[PDB]
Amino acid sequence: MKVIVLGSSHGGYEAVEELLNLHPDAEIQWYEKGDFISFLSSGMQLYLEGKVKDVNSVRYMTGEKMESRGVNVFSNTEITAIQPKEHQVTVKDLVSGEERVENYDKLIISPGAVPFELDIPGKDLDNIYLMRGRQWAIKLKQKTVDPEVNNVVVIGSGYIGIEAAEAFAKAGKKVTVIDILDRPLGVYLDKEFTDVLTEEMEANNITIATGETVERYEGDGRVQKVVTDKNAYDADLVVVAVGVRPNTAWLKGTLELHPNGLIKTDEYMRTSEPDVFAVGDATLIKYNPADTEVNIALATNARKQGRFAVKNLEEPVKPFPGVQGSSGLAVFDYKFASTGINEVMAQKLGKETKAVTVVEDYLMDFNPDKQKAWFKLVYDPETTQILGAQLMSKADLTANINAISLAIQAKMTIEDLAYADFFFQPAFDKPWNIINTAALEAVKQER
């Protein structure tokens, strides 16, 4: 049984791991069009801030290690087309230009996504950079110490844009973040959280320009200005972090795709064609808070889907359990985490919700280490089932969001969480901990 896996990033990598422990006998080929196997773009911020010195260590697998396990690794080799009925792919060795056709019994593809670019005048003056992969990581890092870079503009105020803004602010640059949306990180956090984070970023000389549409880049050879409908900003470097496009144009006509380019798959990771499975950023995933399919481009999702594709390789026997969209990040001193439905998600899905927010010290009064914490619990108005939660503090309390992720999956209610058994010891929390306290508030709001 010969299985070909496309892609060495999170989705493709975990498919290879699950093949090794479920089908040790199989002939496994692993293809990567790039030069470097399994670079962790999630670790790029630690490298840009100087926490990690060696860019080549920001990875989780090497071709050498997988070959020791009997996998055939082909780096610098691109799968150019799939011929699904005859079960063949044509591959191109990018160093020699050779093209050959390869047959498979089963094919798992995790083609991923590419950074979205602004197709505007000035489009590629020098020093308009993107943020994905090893080559961009290295170029961004060289700019961090360049004395000619004084002003950097990042377009996009989502997760990746704020990571870039923090990294260049810490390198001593002046940073402006521009976006059409009215709040940074709105996809992850509601207004009472992003108001605090905006103040924190502005204290560290990041200007946030919201509600503005970028119209063109101006400069002579290299960028010098970014002009929006409302303003013109000086820029020595631009980081475009607007979003991501599925890497699927080459699949048009071969596999069924959604209007937005995402690959259609069912709950067993099967595509429209026999024996080809698709995983990761290029697909939709079962979203349990709202019982629907949503594109949630996270490494956690791609890894779980990669293993479930291998579980359903011979028979559709194991439907995907679904996810809650859990995410977490530190922005200067604040560490936040969120899961499930928040205001932007509810708007997009047309879902009605209720919520309580508690802001108080997470340790008892007499303990001098006490610090404020913000917690918001979102629940269904009819059933009072838990639909989401967001938490933030300068203290690290983020592991508590893992309990809310499970509560949503288990369809627990505000009353279940109000009296759930969480430990107490006064160096760590209060007799009713942060989750108990917000659920107790919600029980009062519904009485």
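So that there is no doubt, residue numbering starts at 1 and follows the sequence shown.
Across the two stretches, 77 to 85 and 134 to 142, the PDB entry reports the greater mean Cα temperature factor for 77 to 85. Stretches 350 to 358 and 296 to 304 differ in mean CA B factor, with 350 to 358 having the higher one. Out of 190, 281, 163, 267, it is 267 whose C-alpha atom has the highest B-factor in the PDB entry. Going by the entry's values, 63 shows the largest Cα B-factor out of 388, 43, 63, 50. When all modelled residues of the chain are sorted by CA temperature factor, residue 25 is found within the highest third. In this PDB entry, the Cα temperature factor of residue 396 sits in the bottom third of its chain's modelled residues, the lowest group. Residue 317: CA B factor lies in the highest third for its chain, per the PDB record. The deposited CA B-factor of residue 90 belongs to the highest third of values across its chain.
Residue-level temperature factors show residue 336 in the lowest third of its chain, judged at the C-alpha atom.
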